[PDB]
Each structure stands twice: as C-alpha cells, then as structure tokens.
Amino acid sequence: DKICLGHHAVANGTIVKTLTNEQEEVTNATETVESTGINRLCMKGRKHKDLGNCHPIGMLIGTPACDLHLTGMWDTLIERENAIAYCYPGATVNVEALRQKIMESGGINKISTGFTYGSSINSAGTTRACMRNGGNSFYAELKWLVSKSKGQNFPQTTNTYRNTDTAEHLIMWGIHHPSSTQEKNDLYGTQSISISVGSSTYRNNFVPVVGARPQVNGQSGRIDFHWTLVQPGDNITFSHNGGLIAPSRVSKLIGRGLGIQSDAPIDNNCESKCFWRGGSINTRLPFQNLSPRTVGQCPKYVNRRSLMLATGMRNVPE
C-alpha cells in the first residue's frame, strides 16, 4: 500500500540554453527573438504621405515629380528609392541634414516671397530639363532670373524677404553655374558676377563659375542649391547681379512626423509602429533579427536566429 509523487513529461521535448547546459531539454519553450516581418508598410491609423518618385528636397524647390507634394500634413513620411530631387541638374549643400529635417516634419506650408523684378529681367526663364504638360518648365518654388536683353548686363538687384510669422522659415535658393562662357554672357552679361545673401544669422557669397561638364537631363550647366532657416521677425537679403535662382516661395515645416525609407507596398488595414527597408514589424517580443536599421518603436536587434525561453520543467521522458 503506497502513494507516489511525480511530474509530467512529453515525448517531444524542446532544447533551451541554461547557465550550465547549452543543450537542456525542457517540456515547452517560447521564442524571444522575432524572425518574421511584414512585406508591407502597415499605415492604418496614421496620416501618411507616400512621396513616390518625389524626393523630399524636391518638395521644397518644386521638381515636377513633387507637384502633388508641395504642401500637406502627415504624421509619417515615406521616401522611396531613386526619387527625383532635381530636374535641372545640381546638388544641395548639406543635403542630408535638410532631408532628415523634412523626414521628421509633420507637414509643410509654402509662403510667397513676394519678390518683384524690373523690366530688364526675365524671371520666367525655362528649360528642357524641367517638363510640365510636355513643355519646358522650371522648379515651381523657384524663378530662373535672366536678362531680358540677351547679352546685356543683368542689373544690380536686391531682394529682401521678411518672416512675419511666429515660426522659422526654410528658405532655399539656387546659384547657376553655366557650361560655357557664351551661355553666361547671354544670360547675365560680361560683367563680374556676385550673389550675396545676408540675414541676422546667415551671411554668405556665391560666384557663378563656367565649367565644361557632362550632360544630366540634357544640361551641362549646374545649379548649387543652398538653404537656411529665417527666424521669426528676421529679414534675409539677396544682393545679386545675375546667376541667382530666386525663391518665389518659402517653406515652413510643421510639427513632428515619422520618416520612413522603404520600397515596400502600403497596407491601410494593418497597424504598426516599427519599420525598416523591408516593411513593418509587429511583436511583443523584446528582440528581432530582421534588421539593425529600424525606425519607430522597435524590438532591439540581435545577431541570433533563435533564443528560446523555457516555459516548462526539465523533460525526463520514460
């Protein structure tokens, strides 16, 4: 006559790691590292902007690819690969700081500079590099100033913009760098050329330089894009005699948003807070081995396929 004590066992045990045993078999385990991601951008619940082939810098200067994205309001911004920043070829100074600044904004407003021009100036200059309605155009938020008098010296002009708003303003302008001595003389004249820019905080000077260059979008000329933040109540002055690509509109970044760089499809039915190149991540698990590069609220990245947590006792089958 006797009573016996015991515990349960299973046939199929799972292996986990302990402090002392690399290969201890327990009854049940659970995974702690997420290996499964979603191949889409789960945008449910969030006001998003899919930039498509528009590059965030193109939003400020008005590349035709970014025509649907000159203004707007979002809490998350989606940048795609090979998005277009420039129609007329050029580069932007401190481009990454500017791009990131846009990708962490929650919207953009555009305010007119109110810049006006004397008769001796053609402000509606245009190029085959920038196409709208199948015709020659230009950056929507910029004006290519050229002498109306082909070959005659561009006047010594001055344009001041004043920030009357309570928030700072992103201002961008261009500096033309022609591909030939002839091209320069035609547009701006034979005179020495200087462009000066001054606010209470930013001051700089730019000199257009002729140089032979390969053609990008059919152009060997280049435009150097430059930017600052005009603080509220501050005035910024452009002094120039030809070569300035002047701003007709100014930018103002509103609030905060999440910037995503991904080429994944958008899903408006699933929800998420963690994103990377390949899509979204949804787990309660503290760890993931999907990507060391993630944005939003994400599980820490680990170099392991699996770290099983014991949820049961030692398996002693028989």
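Residues carry their position along the shown sequence, with the first being 1.
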Exercise for review: Select between 156 to 164 and 132 to 140 the stretch whose C-alpha atoms have the higher average B-factor in the entry.
Suggested key: 156 to 164
**Study point:** Of 72 to 80 and 117 to 125, the one with larger mean CA B-factor
**Key:** 117 to 125
Review point. From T228, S196, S220, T92, which pick has the Cα B-factor that tops the rest in the entry?
Key: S196
Check your understanding: Lowest, middle or highest third: where is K150 by C-alpha B factor in its chain?
Key -> highest
Exercise for review: Grab the CA temperature factor for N289 from the record and place it in the lowest, middle or highest third of its chain.
Suggested key: middle
Study note, to complete from the structure: Among the modelled residues of its chain, the C-alpha B-factor of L5 falls in the third labelled middle
Study note, to complete from the structure: Binned into thirds over the chain's modelled residues, the C-alpha B-factor of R305 lands in the highest
Exercise for review: Consider only the C-alpha atoms of the modelled residues in this chain, order them by B-factor as the entry records it, and name the third containing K49: lowest, middle or highest.
Suggested key: lowest
